[PDB]
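Engineer:
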Ligand SMILES: NC(=O)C1=CN([C@@H]2O[C@H](COP(=O)(O)OP(=O)(O)OC[C@H]3O[C@@H](n4cnc5c(N)ncnc54)[C@H](OP(=O)(O)O)[C@@H]3O)[C@@H](O)[C@H]2O)C=CC1
Ligand SMILES: NC(=O)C1=CN([C@@H]2O[C@H](COP(=O)(O)OP(=O)(O)OC[C@H]3O[C@@H](n4cnc5c(N)ncnc54)[C@H](OP(=O)(O)O)[C@@H]3O)[C@@H](O)[C@H]2O)C=CC1
Ligand SMILES: C#CCN(Cc1ccc2[nH]c(N)nc(=O)c2c1)c1ccc(C(=O)N[C@@H](CCC(=O)O)C(=O)O)cc1
Ligand SMILES: C#CCN(Cc1ccc2[nH]c(N)nc(=O)c2c1)c1ccc(C(=O)N[C@@H](CCC(=O)O)C(=O)O)cc1
Ligand SMILES: Cc1ncc(-c2cccc(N3CCN(c4cnc(N)nc4N)CC3)c2)cn1
Ligand SMILES: Cc1ncc(-c2cccc(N3CCN(c4cnc(N)nc4N)CC3)c2)cn1
Ligand SMILES: O=c1ccn([C@H]2C[C@H](O)[C@@H](COP(=O)(O)O)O2)c(=O)[nH]1
Ligand SMILES: O=c1ccn([C@H]2C[C@H](O)[C@@H](COP(=O)(O)O)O2)c(=O)[nH]1
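Residue numbers (full-length UniProt numbering), protein chains in the order written: chain A, 3 to 43, 46 to 47, 73 to 196, 225 to 252, 285 to 298, 310 to 610; chain B, 4 to 42, 46 to 47, 73 to 196, 225 to 252, 285 to 300, 310 to 610.
#1: Take residue 434/B and list the residues in its own chain whose beta-carbon comes closer than 7 Å to its own, dropping the five residues that flank it on each side.
#2: Looking only at DSSP bridge pairs, what is residue 515/B linked to?
#3: Straight-line CA distance for residue 288/B to residue 250/A?
#4: With DSSP as the reference, please indicate the residues paired to residue 490/B in a beta bridge.
#5: Between the segment 371 to 378 of chain A and the segment 394 to 407 of chain A, do at least 3 Cβ pairs fall closer than 8 Å?
#6: Checking 7 Å against the spacing of the C-beta atoms, do residue 42/B and residue 77/B come in under that value?
#7: For chain E, check one thing: does any of its Cβ atoms lie closer than 7 Å to the Cβ of residue 549/B?
#8: Between the segment 499 to 515 of chain A and chain B, which residues of the former have a C-beta closer than 7 Å to a C-beta of the latter?
#9: Short check: CB of residue 239/B to CB of residue 311/B, under 7 Å?
#10: Is residue 167/A helix, strand or coil by DSSP?
#11: Short of 8 Å in beta carbon distance, which residues of its chain neighbour residue 230/A, apart from the five on each side in sequence? Order them along the chain.
#12: Can you give me the C-alpha to C-alpha distance between residue 169/A and residue 7/A, rounded to a whole angstrom?
#13: Thinking C-beta only, is residue 606/B closer than 7 Å to residue 559/B?
#14: Along chain A, which residues have their Cβ under 7 Å away from the Cβ of residue 33/B?
#15: Relative to the C-alpha of residue 370/B, which residue among 412/B, 515/B, 146/B and 129/B is closest?
#16: Short of 9 Å Cβ to Cβ, which residues in the segment 162 to 177 of chain B face chain A?
#17: Straight-line CA distance for residue 13/B to residue 545/B?
#18: Against chain B, which members of the segment 480 to 495 of chain A pass a CB distance test of less than 7 Å?
#19: What residues in the segment 413 to 437 of chain A bring their beta carbon closer than 8 Å to a beta carbon of chain B?
#20: Run through the DSSP bridge pairs and tell me what residue 545/A is partnered with.
#21: Whole angstroms is fine: what's the gap from residue 152/A's alpha carbon to residue 327/A's?
#22: What residues in the segment 348 to 359 of chain B bring their beta carbon closer than 7 Å to a beta carbon of chain A?
#23: Skipping 5 residues on each side, what residues in its chain have a beta carbon closer than 8 Å to that of residue 373/A?
#24: Is the shortest distance between the beta-carbon of residue 603/A and the beta-carbons of chain B less than 7 Å?
#25: Is it buried or exposed, residue 463/B, if we count other Cβ atoms within 10 angstroms and call 16 or more buried?
#26: Between the segment 331 to 342 of chain A and chain B, which residues of the former have CB atoms less than 8 Å from a CB of the latter, in chain order?
#27: Which partner residues of residue 249/B appear in the DSSP bridge assignment?
#28: Listing by chain order, which chain B residues have their CB less than 9 Å from the CB of residue 17/A?
#29: Closer than 9 Å by beta-carbon distance: list the chain B residues that pair up with residue 249/A, in chain order.
#30: Find the residues of chain B that neighbour residue 385/A, judging by a C-beta separation of less than 9 Å, and give them in chain order.
#31: Examine chain B for any beta-carbon lying closer than 7 Å to the beta-carbon of residue 192/A, and answer yes or no.
#32: Determine the contact status of residue 227/A and residue 184/A, defining contact as a CB-CB distance below 7 Å.
#33: Indicate, with yes or no, if ligand 2 has a heavy atom lying under 6 Å from the CB of residue 152/B.
#34: Should residue 11/A and residue 232/A be called a contact, given that it needs their Cβ atoms to be closer than 7 Å?
#35: Assuming residue 336/A is part of the alpha helix (DSSP H), what are its boundary residues?
#36: With DSSP run on the structure shown, which of helix, strand or coil describes residue 447/A?
What follows is the structure, encoded as structure tokens:
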């Protein structure tokens, strides 16, 4: 009696154009559709109910949908029209035609009470709209396509449609990890209409034996749940400490996350991440550049507060020009151990080029276990505006030419920095994979002092009420031009299908 | 349906002079109470021998909320009537002439009143119960230290759970506890001879999918299961690769373990770990010593194969004397960045003493987030006999003056090195805690390239068939004398209650 809806949908609720699908073929989505509509426990089949145009949109070879009772809602098509279109295969059910959705559901009760198990409404907008109006839909199986495409047909507005993009309810109980086919990111959600072996162990367990992110979500496949759960874990279980800043901190020690890079890109969705910032900083690092004015001048001000006259003096660096971070990250990457003078100097050929070494080892001997890059130079710390937070990274290639990367971070501002750090090293992994002819597989985040500032806790709690959106894809453009790590520009990247929730203001502790 | 509850030394010792052999173990008593009390209006019964009844302090006898039965021919029910004032709600103590009689009485006069029957000592009752074959389960507290005893729990098939020599197999192994300088743990042996319905179909298509360590053990509380499961995980899921050595490897990337240091010490038990080796190497590191002959001369040969004329030449270090590891681990700890000459040189005051800095920061500003030590100096790598494996560690103090330590290891020989590395940095944590007036809490192991050599897999599979024993305690002796990190000697340590399985020979891949 209670129907399910099954649908794939752009963020703007688009489902169709020109009586076809808006996107190229999404293989995994089709598998899912088939598997959800066919699978059943009994001589009980499922029924699929569809509109006339949806029936017409389907290629002849696939229609009628096999092993499923097909019902078409139409006032023009007759059952004989359909029977005449293609010969009924033995064992399959003869396609029914009904005048409306109510009629289709009556027919299912009247003529098929003992025959059908589940009822699926499978489009188009006519049927989705009616089903929601009648209030007979218990569950929505929604494939969220993260890219927008030209569409002329749309899934109707519904309470809970904030799962799709920014503006009885339908709340998500299931959010998968991000898939991709043909350069299209997407994921799967399910919404629900809302409004004496063990007996011997038991007594010993008994004596031996709160903030949660979107707790209604039971299957937490989306990899962003690692970040969301880490926020909750620190707030619930962390310890309140003082620190350098004078601001409060709640901290934990020794934390881990890992993000797939093969299908999509972990640009967190639960608040907008400053992508221009990640890209510009990483290119700056790669250059060995220590002049934060080069960032500031492009609208990336992340380093400004730590390179003021004031902050440099608090660090006993009176001789530093404003903007000079000293021998920080990129300097140690490209010139480890070289004698620093200032940000204006040519250091070409001084010290160890760790990045070159890593790349050359990846290209020639990828089973080597010493493919590390470090920014932590105890001899140079006092000369830096700030000791590095992300201080070491290690590369690994498997049997399939898949590249993984670990980064160790001594100090993790979970609220502000962590999302930015995830994106930064995930991007570096993409860039290195490309230049070494490898496939990016995984970014692995190892975290030391993992903390949330006290002045962030109330904003972070709001963030935890948001369900994640599918991750976008990052494409490297102009691959043919790009042969070395130094070749990348700010323009050779495309972020595809990024649909985050709004910015949340969070003040940087200087 | 009877269960035995007992605490026992590795040699099966239970008693001396009609008392317990050990000082009071608080957690064991909690456990005993909780197991025997926890349950309708149905109580548990405890059955005990006369001497056991006499051994118990009057304040605790009879055992509250439990039907007490004493097995004796000399003692009388009436004696207990007037021995002590009887509370309402509690059951009158019964006396029976034998264990068979106690069990008959339970059937005859307490058919439905009682749930579980517990035999609670002493050797008279344990022996009878095992002879009758009426015991289904053993609740055994394994005391890891040996004590003078005159009374022993009987030999039983499966008593190899206690020390090295119808069956009793362990189904439960807890983590290691300690009270009054006594390590112990808890085992249980068993006598042998539509929210989810909507999610279901989507989960089914998403999973399109075997070594296990002592699989009969269902509750896997012992922290050594992290190591055992990591072995299994690599063998099951790892990828076969070549490597530097020419030997096969099966590898994974990005692995984690963490070990409590507050109660006991993670010296793995499933094979004997070379403790003299860990202690001597760590002291050597702390000295800044780079002469492996100093280790070799004490019977610690771990560095010999990597400091031969042959190996040094394969590394293009002809000018190195045999035994000179170059500017490796301890050199970088105590003298980061100093110009190396040879192992005979005084480097006092050259480079950065990272260990001193960490300790001074712990003693003066323990909320600082830069308490790191690194051995990874890209400028010096080519001069080293071997690039360091354990390359970075970070310290952390919470609000309770508890010290935790993270160590990052780029390359992990799971078979040979890992157990040794766990012990090494856990020990360093103890030493640092003491000298900084802190309480050791936790060692956290972060692992990069995590591998098992192919020529170890056969031996590792044997290792996985062994149940872990309780972890020992490591005590620092002569605490009063020891005020700085340099003060420790090879003699200021005591390892208490270590009862590992036998050595397993595993060749070092050179
Ligand atoms: N991305 C996705 O998940 C999905 C994509 N699609 C796309 O959607 C499009 C087709 O959907 P759409 O254009 O909305 O057409 P529909 O599938 O809704 O079919 C429209 C026709 O069906 C009949 N009908 C529908 N609703 C009613 C109603 N309430 N009462 C009576 N008759 C009704 C009428 O047939 P008649 O006029 O003969 O009486 C009507 O003209 C295509 O582009 C297709 O590719 C389809 C399914 C899902
Ligand atoms: N570590 C642990 O977990 C525990 C250890 N203990 C220790 O054990 C010691 C006492 O144990 P133990 O010396 O064996 O004494 P018991 O407590 O077993 O009592 C022995 C007496 O019980 C009676 N009895 C024993 N066996 C039988 C039998 N098969 N049939 C009939 N009557 C029997 C006899 O008294 P009678 O002649 O009157 O019948 C015998 O002298 C103490 O040191 C105590 O601290 C005790 C509890 C648990
Ligand atoms: C990490 C790192 C590099 N850094 C450097 C940097 C320097 C000092 C720091 N200090 C503290 N206390 N926390 C930090 O995260 C931090 C980060 C950054 C600094 C600022 C922003 C920032 O202003 N954030 C963006 C939004 C980014 C996001 O969504 O997370 C903004 O517009 O505010 C980002 C990165
Ligand atoms: C890590 C580390 C220290 N080290 C240093 C060290 C040096 C080179 C290495 N090389 C390789 N390939 N694997 C290693 O584990 C390794 C370890 C060790 C070296 C040897 C032994 C050894 O031959 N067996 C020990 C058993 C110790 C144990 O139980 O783990 C013995 O008793 O001889 C142990 C530790
Ligand atoms: C190239 C191509 N074009 C179309 C199809 C195809 C085959 C069978 C059915 C369909 N439909 C397209 C829309 N459908 C659908 C697809 N995906 C979800 N999640 N829900 C749906 N209702 C079911 C109907 C499309 C397969 N391959
Ligand atoms: C100082 C002190 N001395 C003795 C006791 C005490 C109190 C009640 C009972 C006992 N027993 C000691 C040994 N017992 C026991 C203890 N622990 C386990 N695991 N099994 C057991 N059977 C039960 C008998 C000991 C408590 N406190
Ligand atoms: O890439 C970065 C740079 C900085 N920080 C944060 C961590 C701390 O909150 C702060 C630096 O303070 P200390 O860890 O140096 O005390 O900046 C990050 O999280 N990531
Ligand atoms: O403390 C140590 C030192 C060495 N190794 C092992 C790891 C590797 O098997 C080998 C080092 O060889 P490379 O990682 O340099 O290839 O020694 C350890 O596990 N722990």
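Note that beta-carbon positions come from the ideal geometry of N, C-alpha and C, so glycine has one too.
Structural biologist: In short, the structure shows the following:
#1: Closer than 7 Å at Cβ, skipping near neighbours: 388, 453 and 455.
#2: Answer is none; residue 515/B lacks a bridge partner.
#3: The straight-line gap separating the alpha-carbon atoms of residue 288/B and residue 250/A is approximately 14 Å.
#4: Bridge partners of residue 490/B: 509/B.
#5: Taking 8 Å as the limit for Cβ pairs, the verdict is that the segment 394 to 407 of chain A does touch the segment 371 to 378 of chain A.
#6: No, the Cβ-Cβ distance between residue 42/B and residue 77/B is not below 7 Å.
#7: The structure shown contains no chain E; its protein chains are A and B.
#8: Correct list: 499, 504, 506, 508, 510 and 511.
#9: One thing to note: residue 239/B has its Cβ no nearer than 7 Å to the Cβ of residue 311/B.
#10: Note: residue 167/A maps to strand in three-state DSSP.
#11: If the five residues before and after residue 230/A are omitted, its C-beta is found closer than 8 Å to the C-beta atoms of 247, 248, 249, 316, 317, 318 and 319, all from its own chain and listed in chain order.
#12: Rounded to whole angstroms, residue 169/A to residue 7/A spans 5 Å at the Cα level.
#13: Yes; because the gap between Cβ atoms is below 7 Å, this pair is in contact.
#14: At a beta-carbon threshold of 7 Å, the residues of chain A lying near residue 33/B are 296, ordered along the chain.
#15: Closest by C-alpha distance to residue 370/B, out of 412/B, 515/B, 146/B and 129/B, is 515/B.
#16: Answer in chain order: 167, 168 and 170.
#17: Each residue's alpha carbon lies about 30 Å from the other.
#18: Listed in sequence order: 487, 492 and 494.
#19: Within the segment 413 to 437 of chain A, the residues whose Cβ lies closer than 8 Å to some Cβ of chain B are 436 and 437, listed in chain order.
#20: DSSP, once it has assigned bridges, lists 357/A and 507/A as partnering residue 545/A.
#21: Roughly 35 Å between the two C-alpha positions.
#22: Correct list: 353, 354, 356 and 358.
#23: Counting only Cβ-Cβ distances below 8 Å, and skipping sequence neighbours, we find 367, 519, 520, 523 and 600.
#24: It does not: the Cβ of residue 603/A has no partner Cβ on chain B nearer than 7 Å.
#25: Label assigned to residue 463/B: exposed.
#26: Within the segment 331 to 342 of chain A, the residues whose Cβ lies closer than 8 Å to some Cβ of chain B are 339, 340, 341 and 342, listed in chain order.
#27: Note: residue 249/B sits in a beta bridge opposite 168/B and 228/B.
#28: Those within 9 Å of residue 17/A in chain B number zero; the least Cβ separation is about 20 Å.
#29: Going along chain B in sequence order, the residues near residue 249/A (Cβ under 9 Å) are 285, 286 and 289.
#30: The contacting residues do not exist; residue 385/A stays about 16 Å from chain B at best.
#31: Not an interface residue.
#32: With contacts defined as CB atoms closer than 7 Å, residue 227/A and residue 184/A fail to qualify as a contacting pair.
#33: Relative to the non-hydrogen atoms of ligand 2, the Cβ of residue 152/B comes within a distance shorter than 6 Å of at least one.
#34: The Cβ atoms of residue 11/A and residue 232/A do not sit closer than 7 Å to each other.
#35: Run containing residue 336/A: 325 to 337, per the alpha helix (DSSP H) assignment.
#36: In the three-state scheme derived from DSSP, where H, G and I count as helix and E and B as strand, residue 447/A is classed as coil.
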